[PDB]
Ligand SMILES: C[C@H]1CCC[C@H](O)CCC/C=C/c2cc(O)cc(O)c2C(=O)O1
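As structure tokens, one chain now follows by itself in the form solved without this ligand.
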């Protein structure tokens, strides 16, 4: 049974979150778009394997939109990690296996580096280290343009346009409003702040991934860093949203990976 709710943390954010299952904690941090409904399908799969899974809309995004502007402006992995930690304390989550793509991945690494005690294992996916030229000036145009552009960009990187489309009108309407907000506070500050320094990656176990169909250059640097640092690195079917494109495989990956760090 899926638990759905809202909670107001001490930092003023009114979080929308979902939980399912019991057992060791698994946390699914969304990507930059901050829409946790993208994890709906995988959520059940994971939970069914003896895990309590928690996900949520990111501050200022979708259902967690009632939050202070600072929580969605000048965003970095560490900033977002700070918020997550507060939320986890509020939900009494002591330690967890954390997944995250893009900014969510930056957050995972930030958590791995600065709050090692709260992380059982980190699963970052496509950590932004550079700013694709397709973005670059995405925070200068009008909201409608950003929305139209980012929707096309996101769908293109979906790894499966059918499944992407099948997220539904509710989700896409929420995504429509998130795009501009994302554009103003993420692309410029997230990449440069990526916690990929040597000292950020060895406090807890890390299992890094990149989209199998993602063009090599986009996250080439992720692979080189992982390899050079001796961190498990691999691919997942799909591109930027494996949890949407290939929910069964995504679930299997998260379950198998987390399972190996449990007693």
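Positions refer to the first chain, counted from 1.
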query	finding
Stretch with the greater mean C-alpha B-factor as recorded in the entry, comparing 97-105 against 160-168	160-168
Average Cα temperature factor in the PDB entry - higher stretch of 129-137, 150-158	129-137
Given 85, 119, 123, 144, the residue at which the Cα B factor reaches its maximum	144
Top residue by Cα temperature factor, when 35, 70, 221, 207 are compared in the entry	70
Among modelled residues of the same chain, the CA temperature factor third for residue 40	middle
B-factor third for the C-alpha atom of residue 46 within its chain	middle
Third of chain Cα B-factors occupied by residue 111	lowest
Lowest, middle or highest third - CA B-factor, residue 22	highest
Residue 233, C-alpha B-factor rank within chain (lowest, middle or highest third)	middle
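In what follows, reference is made to the form solved in complex with this ligand, a form of this protein that is not presented.
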property: Pocket open vs blocked [this ligand transferred in the entry with it bound by site C-alpha superposition; 2.4 Å, backbone or C-beta, 3 atoms]; result: open
property: Residue (of 71, 147, 160, 153) lying close to this ligand in the entry with it bound, criterion heavy atoms within 4.5 Å; result: 153
property: Option touching this ligand, based on a heavy atom within 4.5 Å in the entry with it bound, out of 143, 132, 116, 168; result: 132
property: Touches this ligand in the entry with it bound: residue 195 (any heavy atom, 4.5 Å); result: no
property: Residue contact check: residue 39 to this ligand in the entry with it bound, 4.5 Å heavy atom; result: no
property: Contact label in the entry with it bound: residue 107 to this ligand, heavy atom within 4.5 Å; result: no
property: Residue 207 within 4.5 Å of this ligand in the entry with it bound, heavy atoms; result: no
property: Candidate spot 28, 99 and 258, all three touching this ligand in the entry with it bound (heavy atom, 4.5 Å); result: no
